[PDB]
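J.: Before I ask anything, let me first share the structure, which is written out below as structure tokens.
Backbone-built Cβ (ideal geometry, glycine too); neighbour counts: all protein chains shown. Each answer follows from the model by the rule given with it, or from the source it names; no laboratory instrument gave them.
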2 protein chains.
Amino acid sequence: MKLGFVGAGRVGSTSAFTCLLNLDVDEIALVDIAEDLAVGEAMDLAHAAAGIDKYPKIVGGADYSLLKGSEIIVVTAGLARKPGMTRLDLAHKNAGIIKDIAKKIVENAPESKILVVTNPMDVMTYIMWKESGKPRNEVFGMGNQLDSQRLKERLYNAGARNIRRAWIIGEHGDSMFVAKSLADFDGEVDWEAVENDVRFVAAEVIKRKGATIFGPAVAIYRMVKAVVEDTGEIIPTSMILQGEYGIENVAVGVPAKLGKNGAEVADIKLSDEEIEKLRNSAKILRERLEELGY
Amino acid sequence: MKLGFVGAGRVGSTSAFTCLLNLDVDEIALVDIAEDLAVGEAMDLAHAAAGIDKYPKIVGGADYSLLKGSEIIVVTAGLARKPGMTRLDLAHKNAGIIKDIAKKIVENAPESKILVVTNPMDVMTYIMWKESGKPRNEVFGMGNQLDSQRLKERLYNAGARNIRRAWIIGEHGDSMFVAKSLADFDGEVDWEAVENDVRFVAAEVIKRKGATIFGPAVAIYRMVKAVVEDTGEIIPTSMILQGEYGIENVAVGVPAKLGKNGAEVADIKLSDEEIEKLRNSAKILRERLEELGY
Ligand SMILES: NC(=O)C1=CN([C@@H]2O[C@H](COP(=O)(O)OP(=O)(O)OC[C@H]3O[C@@H](n4cnc5c(N)ncnc54)[C@H](O)[C@@H]3O)[C@@H](O)[C@H]2O)C=CC1
Ligand SMILES: NC(=O)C1=CN([C@@H]2O[C@H](COP(=O)(O)OP(=O)(O)OC[C@H]3O[C@@H](n4cnc5c(N)ncnc54)[C@H](O)[C@@H]3O)[C@@H](O)[C@H]2O)C=CC1
Ligand code: NA
Ligand code: NA
């Protein structure tokens, strides 16, 4: 089991840490244009590793060669943004970097599953699958999981208990929605209040903490776990749809089955209103992609 | 089980994360002069928590009240430094903050074990024990563990295998040394090379990565684990000595026994040369304390 990480920033490195803490990993690789940053992350992860009596190979640098062998690669590389500076501006910039990465991931680690995390995730996930020759089952994105984690919290807060299932699907962003039809938990809650908090929690945290890290790392871990350990679990995942729910040619968050073969749309029936909400999100995402020449 | 954290900076927050990932914790508290920073860390840890189906109480702020109840408190609060700016300058500054914290920890969470991490750890550990009424068994410092983790790595690198024990003791800093007399592992290694790498690894990482985080978090976790779970383990810990090895009135790193009662000098015989190296470190630390009016 080798894990690959393109981007050794806050989320890349904490993701890798989390995985190291809970998975039987033999090798971890960290690629990043910031060469020294990637090496130092590697060094620090190794020191961490030695304290739980794990001793895997942890290499860090800037050559995509390091990725050779990876069963899966978490791509967090790019830029987050703010200081006024535009949404679409980063979309272009990152889209440039994502296209560029896919090419490198393919001429180095051809057979690796690719987990896209870089924002706007649904959009970058699509661009990744498009720019690499790969089948829609070897490229997907982390987002909804994290959204759902937030959901599961606001619920336990609002009284809910024995939360067996609770997901958020659709766009990882504004047009997201709770899949009420699948909620399973004891205790009455206010779906109004809850649906609301979640969407704006993302930035409520960013303005205070500076960025979102620990939430994202765990979500990423849960996905990687499901693949490296062939658990067969079902996790809201951003996936290229080719017909499902009347949607096509776009990535969007839908319940998926993760396992050694990557991801596959878990066929699960949704509310009639739930399909529209999904179709809306696809439209919005489809707009944003055409904006980019895809 | 409540964990308290004074300082929600890089190490405080990643420590708390690590603990959340591996301990059955009911409440986590994060105090920091940066109020919003502490809240955001709390929020993010909670989102993280929900993804491993843990749902503890995580509160964050600036009032030391949040600490009430803590079985143990990890203190990472202060400043790290560089841009030229002097060693001793921070020692004074942090010593001011540490004295100030001890008072608050005592009039809020009287019965809590206190884990000192803020650098120069051995020095702050002593100042903490002095400024709080507390017995030398309820205040100690994390350092040698982390040093040892690094050690265990450079060894596995140099061939060593089945490393059953391998510690670094003495000052957490320049006058540290390997306790060769207790090393236990298959394979010949070069004690020259190894002893050397370790001391300067700390900053080799800092210049690249920016700071040391994941190493420190795990070390801190291993200590907290041993206490909250009464494991009785023996871990190089920075401790106030009152006679042991011919040393007194100073904190320094010696093999210790951690358990529900905190820490106690594990009585372990050391090489004759090993005692001198320890006594030297005590002298250096004793100098640095008198420099501070202690
Ligand atoms: N999908 C999700 O749920 C979440 C996504 N994210 C996103 O992931 C991205 C990373 O966030 P952070 O970790 O905070 O970023 P950082 O913490 O800013 O990480 C970015 C790293 O990417 C590297 N990089 C930039 N260009 C590169 C290139 N051409 N090739 C290789 N490496 C390159 C940088 O050197 C940097 O270290 C952001 O877009 C952020 O919004 C963040 C949280 C959650
Ligand atoms: N003993 C060890 O092995 C290690 C010790 N450290 C040390 O721990 C300290 C923390 O490192 P970082 O996490 O990187 O620092 P940060 O990442 O700079 O964390 C410091 C936090 O302390 C807070 N703070 C400052 N003054 C305070 C006060 N009077 N009351 C409450 N909070 C206050 C700050 O707001 C800040 O968030 C440093 O001194 C560093 O050298 C770091 C690594 C290892
Ligand atoms: Na599968
Ligand atoms: Na004990």
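J.: Mind counting the residues in region A:46-94 that are in a loop (DSSP other than H, G, I, E, B), more than 14 Å from every other protein chain (Cβ to nearest Cβ) and within 12 Å of ligand 1 (Cβ to nearest atom)?
T.: 8
J.: Of everything in region B:34-45 that's within 16 Å of ligand 1 (Cβ to nearest atom) and of a type in the set (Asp, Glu), which residue is farthest from A:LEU146 (Cα to Cα)?
T.: B:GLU41
J.: Here's a follow-up. Is at least one residue of region A:221-229 facing chain B (nearest Cβ under 7 Å) and surrounded by 15 or more Cβ atoms within 10 Å (Cβ to Cβ)?
T.: Of all residues in region A:221-229, those facing chain B (nearest Cβ under 7 Å) come to A:222.
From what's left, surrounded by 15 or more Cβ atoms within 10 Å (Cβ to Cβ): A:222.
Among the residues of region A:221-229, at least one is facing chain B (nearest Cβ under 7 Å) and surrounded by 15 or more Cβ atoms within 10 Å (Cβ to Cβ), which makes the answer yes.
J.: Moving on to the next point. Report the residue count in region A:65-88 for those that are free of Cβ contacts under 8 Å to residues at least 60 places away in the same chain and among the hydrophobic types (A, V, I, L, M, F, W, C).
T.: Within region A:65-88, residues that are free of Cβ contacts under 8 Å to residues at least 60 places away in the same chain and among the hydrophobic types (A, V, I, L, M, F, W, C) number 2.
J.: Among the residues of region A:263-279 satisfying the criterion of being within 17 Å of A:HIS172 (Cβ to Cβ) and within 21 Å of the chain's Cα centre (by Cα), which is surrounded by the fewest Cβ atoms within 10 Å (Cβ to Cβ)?
T.: Out of the qualifying residues, it is A:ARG279.
J.: Considering B:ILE105, B:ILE97, which residue is surrounded by 24 or more Cβ atoms within 10 Å (Cβ to Cβ), in a helix (DSSP H, G or I) and more than 14 Å from chain A (Cβ to nearest Cβ)?
T.: B:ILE105 is the lone residue from the list that is surrounded by 24 or more Cβ atoms within 10 Å (Cβ to Cβ), in a helix (DSSP H, G or I) and more than 14 Å from chain A (Cβ to nearest Cβ).
J.: Take A:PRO110 and tell me if it is under 14 Å from the mean Cα position of the chain (by Cα) and not assigned by CATH to the domain that holds A:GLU229. Lay out the reasoning, then the answer.
T.: Numbers: under 14 Å from the mean Cα position of the chain (by Cα): no; not assigned by CATH to the domain that holds A:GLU229: yes.
When the stated conditions are applied, A:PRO110 does not pass them.
J.: Another question, then. Can you tell me how many residues within region A:220-239 are more than 16 Å from ligand 1 (Cβ to nearest atom) and part of a strand (DSSP E or B)?
T.: Qualifying residue count, region A:220-239: 1.
J.: Further, regarding this structure: Take the conditions more than 14 Å from chain B (Cβ to nearest Cβ) and free of Cβ contacts under 8 Å to residues at least 40 places away in the same chain and apply them to A:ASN119. Does it pass?
T.: So A:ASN119 does not fit the description; no.
J.: A follow-up question, please. Go through region B:26-76 and count every residue that is crowded, with 21+ Cβ neighbours inside 10 Å, under 22 Å from A:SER15 (Cβ atoms) and more than 23 Å from the chain's Cα centre (by Cα).
T.: Summing the residues that are crowded, with 21+ Cβ neighbours inside 10 Å, under 22 Å from A:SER15 (Cβ atoms) and more than 23 Å from the chain's Cα centre (by Cα) in region B:26-76 gives 9.
J.: If we keep just the residues of region B:205-216 that are in a helix (DSSP H, G or I) and more than 7 Å from every other protein chain (Cβ to nearest Cβ), which is farthest from B:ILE169 (Cα to Cα)? It would help to see each step written out before you state the result.
T.: Keep residues of region B:205-216 that are in a helix (DSSP H, G or I), which gives B:205-209, B:214-216.
Among the residues that remain, those that are also more than 7 Å from every other protein chain (Cβ to nearest Cβ) are: B:206-207, B:216.
On the way: B:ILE206: 22, B:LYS207: 25, B:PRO216: 16 Å.
Here the answer is B:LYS207.
J.: If you don't mind, there's one more thing I want to ask. Provide a single number: the residues in region A:1-33 that are assigned to a loop (DSSP other than H, G, I, E, B) and away from ligand 1 (no atom under 16 Å from the Cβ).
T.: Result for region A:1-33: 5.
J.: Output the qualifying pairs, or none if there are none: Cβ atoms under 9 angstrom, residues six or more apart or on different chains, first residue in region B:23-51 and closer than 11 Å to B:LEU3 by Cα, second residue within 16 Å of ligand 4 (Cβ to nearest atom) and part of a helix (DSSP H, G or I).
T.: B:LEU23/B:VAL224; B:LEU23/B:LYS225; B:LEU23/B:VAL228; B:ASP24/B:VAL228; B:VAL25/B:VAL228
J.: From the set of residues in region A:123-175 that are surrounded by 23 or more Cβ atoms within 10 Å (Cβ to Cβ) and among the polar types (S, T, N, Q), which is farthest from the other protein chains (Cβ to nearest Cβ)?
T.: Only one residue tops the list, namely A:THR125.
J.: In addition: Just one of A:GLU195, A:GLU264 is acidic (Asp, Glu), part of a helix (DSSP H, G or I) and either within 23 Å of B:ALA42 (Cβ to Cβ) or more than 16 Å from ligand 1 (Cβ to nearest atom) (or both); which is it?
T.: Sole residue among the options that is acidic (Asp, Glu), part of a helix (DSSP H, G or I) and either within 23 Å of B:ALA42 (Cβ to Cβ) or more than 16 Å from ligand 1 (Cβ to nearest atom) (or both): A:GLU195.
J.: For region B:236-294, give me each residue that is of a type in the set (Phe, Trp, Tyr) and either at negative phi or in contact (Cβ under 8 Å) with a residue 60 or more places away in the chain (or both).
T.: Within region B:236-294, B:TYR294 is the sole residue that qualifies.
J.: Quick check on region B:182-201: of everything there that is more than 18 Å from the chain's Cα centre (by Cα) and surrounded by 13 or more Cβ atoms within 10 Å (Cβ to Cβ), which residue is nearest to B:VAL265 (Cα to Cα)?
T.: B:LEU182
J.: Kindly check whether there is at least one residue in region A:142-160 that is in contact (Cβ under 8 Å) with a residue 24 or more places away in the chain, among the charged types (D, E, K, R) and away from ligand 1 (no atom under 13 Å from the Cβ).
T.: yes
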